[PDB]
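This document opens with one chain alone, in structure tokens, the form deposited in one PDB entry.
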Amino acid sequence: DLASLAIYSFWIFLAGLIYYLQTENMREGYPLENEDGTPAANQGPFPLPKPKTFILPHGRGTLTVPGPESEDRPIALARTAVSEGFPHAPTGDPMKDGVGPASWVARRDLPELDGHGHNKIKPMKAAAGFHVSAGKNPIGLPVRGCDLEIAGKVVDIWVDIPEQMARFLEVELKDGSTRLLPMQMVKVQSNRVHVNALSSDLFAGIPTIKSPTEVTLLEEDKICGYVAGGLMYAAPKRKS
């Protein structure tokens, strides 16, 4: 009957749909590889989808996926076993090297632009008409690392203009240079800003930005990467 028809029909629809869904999520990181970088033998039942090309705003070109994948940076890791499936140990300092939970991607060395073509993110000093409207204004508060030692002071807030959001704090270190700290990895207390991931001694290692009034996708990744990695790698310095 009709009902039987409809339901049998639907289970068929649903199956090609999953198939669709699945092949679309195969536009990145595929095809698969072996730990040595050579293409893996068994890529699953699903074919790579036919490429699609994205037209990027602000004359920043196009992006076609799937496409040629490459890390575009050295990886300081060495195998710890003779068969597949085991960890790869950092061969240096994971933090400095940017492997592990400290990994960063070779995104573009251009800042993200808003709908109009201006830099999406800005130090608040250069963002005409922006003020802390609620909560504790961090600016001026010392910054404490997981080792409970003071590392610097907030000397500005880097804001997201289109969305009026605090993205990073700009901290000034003992030598007078500054670093950005992701907003999402700091605890704002009433008399200090506490950073659990990094011990005071690692703040200097936080990668620097080439221009003082801009951050690029590459530098966001290298920073967030680094600060995140502290959680696993600063661990010996963290007390509480």
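Numbers follow the displayed sequence, beginning with 1. Definition used throughout: the rigid core is the maximal C-alpha set that superposes within 1.5 Å between two forms.
Just so it is clear, the following notes concern the form deposited in another entry, a form of the same protein that is not shown.
With the core held fixed by superposition, the comparison between this form and the one not shown singles out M26 as the only member of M183, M26, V188, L173 whose CA moves by at least 2 angstroms. After superposing the rigid core, the Cα of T208 is displaced by less than 2 Å between this form and the one not shown. A movement of the C-alpha atom of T62 falling short of 2 angstroms is seen between this form and the one not shown when the two forms are aligned on their rigid core. When the rigid core is held fixed, the Cα atom of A40 travels 2 angstroms or more between this form and the one not shown.
Relative to the displayed conformation, the Cα-Cα distance from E28 to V105 grows by 3 Å or more in that other deposited form. CA of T53 to CA of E33: closer by 3 Å or more in that other deposited form than in the shown form.
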